[PDB]
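The chain contents come next:
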Amino acid sequence: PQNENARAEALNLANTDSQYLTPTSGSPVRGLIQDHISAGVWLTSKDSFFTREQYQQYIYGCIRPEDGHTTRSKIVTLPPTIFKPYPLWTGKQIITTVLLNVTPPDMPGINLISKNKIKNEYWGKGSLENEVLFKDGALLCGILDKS
Amino acid sequence: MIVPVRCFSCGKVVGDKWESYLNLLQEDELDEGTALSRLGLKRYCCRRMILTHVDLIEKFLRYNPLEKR
Amino acid sequence: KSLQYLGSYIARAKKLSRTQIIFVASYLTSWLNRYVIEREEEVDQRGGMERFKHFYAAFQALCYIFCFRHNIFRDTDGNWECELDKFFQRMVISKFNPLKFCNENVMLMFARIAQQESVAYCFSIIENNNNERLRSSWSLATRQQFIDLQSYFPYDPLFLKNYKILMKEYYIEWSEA
Amino acid sequence: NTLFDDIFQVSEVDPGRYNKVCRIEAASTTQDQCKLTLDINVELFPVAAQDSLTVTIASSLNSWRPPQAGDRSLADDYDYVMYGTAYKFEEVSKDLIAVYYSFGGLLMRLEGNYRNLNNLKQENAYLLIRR
Amino acid sequence: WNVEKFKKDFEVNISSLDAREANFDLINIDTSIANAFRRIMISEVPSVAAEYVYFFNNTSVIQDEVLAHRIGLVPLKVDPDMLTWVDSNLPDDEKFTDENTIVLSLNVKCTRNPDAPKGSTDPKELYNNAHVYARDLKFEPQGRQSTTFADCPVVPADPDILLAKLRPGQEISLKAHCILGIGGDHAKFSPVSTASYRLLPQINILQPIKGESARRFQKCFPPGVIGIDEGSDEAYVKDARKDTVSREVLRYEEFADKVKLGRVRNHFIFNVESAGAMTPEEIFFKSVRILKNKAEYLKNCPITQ
Amino acid sequence: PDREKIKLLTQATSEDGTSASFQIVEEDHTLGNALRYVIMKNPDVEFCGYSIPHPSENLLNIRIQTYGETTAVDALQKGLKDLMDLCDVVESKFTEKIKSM
Ligand SMILES: [Zn+2]
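Residues numbered from 1 in each chain as written, not as in the entry; some residues may be left out. Chains lettered and ligands numbered in written order. Part of a larger assembly, values for the part shown. Heavy atoms only, no water.

In its metadata, the entry names cryo-EM as the structure determination method and reports 7.7 Å as the resolution.

Encoded structure:
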């Protein structure tokens, strides 16, 4: 487009970013697929642990803090889940950390009780990993999924 | 068409090995995997280059516009 | 741009009177003394040294003027018009640190001359400056245009055969100063 | 300060479908009504049935940074230490209560008498285990 | 950690060194650094290869650009230290000097052979110069090179490489300029017929295994990896270094319970094959040096704000 | 000199300089990973990682945050020096083993 009126329209009206929900039924059209779903089931598994080095590296590799999302001009991290015998973070903490670095700081963390596609039976006795729990912006239970 | 010079993956020279490989199968009556080994092709990368080469050039060469058939 | 014009003009224009020159020096030191008195406090505050382009611009012009016409600013006594001895030093040691942000070749020539005249001693401040450099910040997206603007002198010598000859009566070549 | 401790005896150690984590079920030796469920990185802290584990929940240890020269804290007294959040409380009966903890996803459910678990709040907490 | 602690623990083992290939272990080094050397050996250790080919005639069946390409793949036995880099900002006249460039020529015409043993299939006896080999690239020294390269003519490392084939009346006529380059730019410059590593095998048995199990267990690994001891009759590991890590053990149900398969974890078994110009050890040295210069060149660059 | 190689990303560097982001041209994982390994051994470093914005722009982003004893630029320099020294140790060790072989 060749003049500022058309610019303004392409950036504010026909731009991708708004068009998350379809006007047909008002449901999502954008999401991740394939590798990214398989990856999520694995990264957010209870069996998933990361050392300080790995945890910090996953964070920085995906945040891109050198962007318009200077929600802070310093990356924030959580304390580890396991303190002793060895400092370890879980996968679910990587998610909490991501949200923590890209949601507004002057605003409380998201609260969600949801479910995913995988029945508890698949993880073992007593599992609750089918239940997706976000409390104050932290993923406290459940894996993340196509759902 | 003609033997490749290097193995696509290894980088290893393979183009000096075609004429001998044929002589191994022909004269020494070896099987293919024994002959490939004798020429030093260890990685399956490299064995593939000589094992599956088609010397199509020898067909192209039968049409020579510069001689009275 | 005007400040470059201003400085180049005073330096070069042969038919200028001692007092018209002192006039421009008196305007610049005056305007400069005020800047430092009213603004030095803003340096350790939030922003960059670019906030002060205009300061360096004027200080350049004045330094440049001093290069070409320092022999004039000594009155009969041997004292300096505009207290240039006492004045230059004050700016050089200020927080703006002019020596670092102005044209490199002028700041150098001013150093040489000023030191020679017992007017100011900049050479240690320069040393400190390009040491800190190897190891007061300004973007460089916009920092270059400034370095560009401070390099141009609209009355540096002419290269047109005739015009040059015609200008001679009205021009001071560096060799003359 | 310390909010809860007890010696537990492990009933079951289920590896589920994982191979670094196991779900532990264990009962207290001191209270007939106090029982426990806990996910543990068993690669770092192996557990077998019939083991006896001392289990402590504490609010602090007397923000995180790698151990330095001569750091001393409550962690020194134990083998295995986790940091996490209390996220749910529930009435089980007129007498007994259960609190739910998450340690970056590894879940604990501690059930016991409402006087025996009086100090537990819905905050963050450290978990300390020693053999 | 500390550089001295590293020095005391780092260790090198050289299993086999040869003019073409090296097999050696780096022990107690971090994967990030082993990987660096590996990457550098493949892609950043300079080599000499034909870059520009100047045709005056080619009436063979093989098209110019293709012929040029193969000539570029021919590994030249040239010490890259004997050459300086080309500056690619100068015009063609200034670009190529006696410190810059090596010139190869190739000049074959194919004629028919009268003295062919009637009823022959072999093109050696049917045609003169039917087959063109890398060895047929003649080294033409320029300027000071007559002196500098007098003690080491320029020869392809693999003389018997088949380059082209001809029939009576067809000719090839070309000059090639050969210069310094690196694999990262184009693979023809890579000095390896491959440098790679593997992490060392660790086969640790989680309880004794004896009798008929021992024999069974032993056959899940290549000959010589697993030993059966006389006396305790139990199986033990002879040398993991021979293991290929097929994970065959893990198939049979009776064993999958009693064995963990790991590595002596940093412990890197490197295998380096040279394309023919430099020895392996030289190529590995050059890479360890290249890494160090990156760190040194960077330490000395001023950080611009 | 060469000023175009490494630059400060002033929009993620703090006032006290105990935290900073650098953009280095013409470098990928090779140097990046090695450099963060070395830097993280520095006891005053509180955070460090590298990233590669895109495989198609030759750029390397390093982040350093310190606990306040040295600046972020210091840690970068100690890391770079540490890395150089580390290579020396390797070169020397390899030399000795080749001789002794
Ligand atoms: Zn191959």
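Anyway, onward from the coordinates.
Engineer: Mind showing me how you'd approach the coordination of the zinc ion here?
Structural biologist: Geometry sets the ideal angles at a metal, namely 109.5 degrees for four tetrahedral donors and 90 or 180 degrees for six octahedral donors. Residues and elements named next belong to chain B. All of the protein donors around the zinc ion are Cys7 (SG), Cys10 (SG), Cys45 (O), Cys45 (SG), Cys46 (N) and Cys46 (SG); their distances to the metal are 1.8 to 2.8 Å. The coordination sphere of the zinc ion comprises 6 donor atoms, whose angles at the metal cover 27 to 151°; the geometry is irregular. Here the donor residues for the zinc ion map to a single chain with the spacing C-x2-C-x34-C-C. In this pair, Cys10 is assigned in the segment before α1 (18-26) and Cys46 in helix α3 (residues 44-51), connecting sequence segments 36 residues apart. For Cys10, a relative accessible area of 5% translates into the label buried. Looking at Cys46, the relative accessible area reads 1%, which means it is buried. (Donors = N, O, S within 2.8 Å, 3.2 Å for Na, K, Ca; no water. Tetrahedral: all angles 85-135°; square planar, octahedral: opposite > 155°, others 65-115°. Helix = DSSP H or I, 4+ residues; strand = E, 2+ residues; numbered from the N terminus. Buried < 20%, exposed > 50% of the residue type's maximum accessible area, 1.4 Å probe, protein only.)

Engineer: How should I be thinking about the environment of D:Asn62 in this particular structure?
Structural biologist: Relative to the elements of secondary structure, D:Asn62 occurs in the loop between β4 (52-58) and β5 (80-91). Along the chain, D:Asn62 and D:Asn41 lie 21 residues apart, while their C-alpha atoms are 24 Å from each other.

Engineer: Which parts of the structure should I look at to understand the interface of chain B and chain E?
Structural biologist: Reports often express the size of an interface as the amount of accessible area lost when the parts come together. Contacts between the two partners involve 21 residues from chain B and, on the opposite side, 28 residues from chain E. Of the roughly 2100 Å² buried at the junction of chain B and chain E (both faces included), carbon and sulfur atoms supply 54%. The three residues of chain B that bury the most area against chain E are B:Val5, B:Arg6 and B:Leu61, which together make up 27% of that side's buried surface. Run the count over chain B and chain E and you get 5 salt bridges. In the side of chain B that touches chain E, the residues fall into 10 nonpolar, 3 polar and 8 charged. (Contact = heavy atoms within 4.5 Å. Buried area = accessible area lost by both parts, 1.4 Å probe. Salt bridge = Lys/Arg side-chain N within 4 Å of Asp/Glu carboxyl O. Nonpolar A, V, L, I, M, F, W, Y, C, P; charged D, E, K, R; others polar.)

Engineer: What am I meant to see in the nonpolar core here?
Structural biologist: For soluble globular proteins, nonpolar side chains are generally found buried alongside one another. Grouped together as the largest cluster of nonpolar side chains are 60 residues, with contacts concentrated most on E:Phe24, E:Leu26, E:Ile29, E:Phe37, F:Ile64 and F:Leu76. For this core, the element with the highest residue contribution is helix α2 (residues 72-100) of chain F, accounting for 11 residues. Here F:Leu76 is in contact with E:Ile303, F:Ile6, F:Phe22, F:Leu35, F:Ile39 and F:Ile64, once residues within four sequence places are set aside. If you look at the next biggest cluster of nonpolar residues, it comprises 56 residues, including B:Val13, E:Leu67, E:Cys110 and E:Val132. (Core = buried A, V, L, I, M, F, W, Y, C linked by side-chain atoms within 4.5 Å.)

Engineer: Sorry if this is basic, but what is going on with the interface of chain D and chain A here?
Structural biologist: Each partner contributes residues to the interface: chain D has 34 residues there, and chain A has 30 residues. Taken together, both faces of the contact between chain D and chain A bury some 2800 Å²; the carbon and sulfur share is 63%. Linking chain D to chain A there are 4 salt bridges. Two residues, D:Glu12 and A:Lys125, come together in a salt bridge whose shortest N-O distance is 3.1 Å. Here chain D and chain A share 17 residue pairs in polar contact between them. At the level of elements, β1 (2-14), β2 (21-28), β3 (35-41), β5, β6 (96-103) and β7 (106-113) of chain D are the ones that each hand at least two residues to the side of chain D that touches chain A. Broken down by element, the residue count for the side of chain D that touches chain A peaks at 5 residues, all from β5(D). When the residues that make up the side of chain D that touches chain A are grouped by side-chain class, the tally is 17 nonpolar, 7 polar and 10 charged. Relative to β5(D), strand β2 (residues 82-84) of chain A is paired through 2 bridges, and the arrangement is antiparallel. Within β5(D), the position partnered with A:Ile82 by the bridge is D:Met82. (Polar contact = N/O pair within 3.5 Å; in protein donor to acceptor, adjacent residues only side chain to side chain. Pairing = 2+ DSSP bridges.)

Engineer: How do you make sense of a nonpolar patch on the surface when you look at a structure like this?
Structural biologist: All names here are of chain C. A contiguous nonpolar patch, built from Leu158, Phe159, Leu160, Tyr163 and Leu166 and spanning about 540 Å² of accessible area, is present on the exposed surface. Within the secondary structure layout, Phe159 lies in the loop between α8 (143-149) and α9 (161-167). Take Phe159: its relative accessible area is 76%, and that puts it in the exposed class. (Patch = residues over 30% accessible without salt bridge, like charges linked within 9 Å, V, L, I, M, F, W, Y side chains within 5 Å. Areas by Shrake-Rupley, 256 points an atom, 1.4 Å probe, with all protein chains shown as cover.)

Engineer: Hey, could you run me through the domain arrangement of chain E in this one?
Structural biologist: All names here are of chain E. One can read the domain layout of chain E as domain 1 (1-46 + 188-305) and domain 2 (47-187). On the side of domain 2, 25 residues touch domain 1, which itself brings 16 residues to the contact. Considering only the surface of domain 1 that becomes buried against domain 2, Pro46, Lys188 and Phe189 emerge as the three largest contributors, covering 55% of it. Where domain 1 packs against domain 2, one counts 3 salt bridges. The residue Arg20 makes a salt bridge to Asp158 at a minimum N-O spacing of 3.3 Å. Taken together, domain 1 and domain 2 are joined by 10 residue pairs in polar contact. Of all the secondary-structure elements, those providing two or more residues to the side of domain 1 that touches domain 2 are α2 (31-43) and α9 (280-299). (Domains from an automatic or database assignment.)

Engineer: Is there a simple way to explain helix α1 (residues 2-12) of chain C in this structure?
Structural biologist: Two residues of an α-helix separated by three or four positions point the same way, owing to the 3.6 residues in each turn. Of the positions making up α1(C), those classed as buried are C:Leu3, C:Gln4, C:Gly7, C:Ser8, C:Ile10, C:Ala11 and C:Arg12. Where the residues of α1(C) are buried, they touch α2 (18-39), α3 (53-69) and α8 of chain C.

Engineer: How do you make sense of the state of the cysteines when you look at a structure like this?
Structural biologist: Here, disulfide denotes a covalent bond that connects the sulfur atoms of two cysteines. Going through the model one piece at a time under the given rule, you end up with 3 disulfides over all chains. For B:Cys10, the disulfide goes to B:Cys45, at an S-S distance of 1.1 Å. Here B:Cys10, found in the segment before α1, pairs with B:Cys45, found in helix α3; they are 35 residues apart in sequence, far enough to count as distant. Looking at B:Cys45, the relative accessible area reads 11%, which means it is buried. One disulfide bridge connects B:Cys10 with B:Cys46, the sulfur atoms lying 2.1 Å from each other. With no disulfide of its own, C:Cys63 lies 6.7 Å from the sulfur of C:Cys102, the closest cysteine sulfur. Distance from the sulfur of C:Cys82, which forms no disulfide, to the nearest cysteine sulfur (C:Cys63) is 13 Å. Here C:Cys82 falls in the partly exposed class, since its relative accessible area comes to 23%. (Disulfide = S-S within 2.5 Å.)

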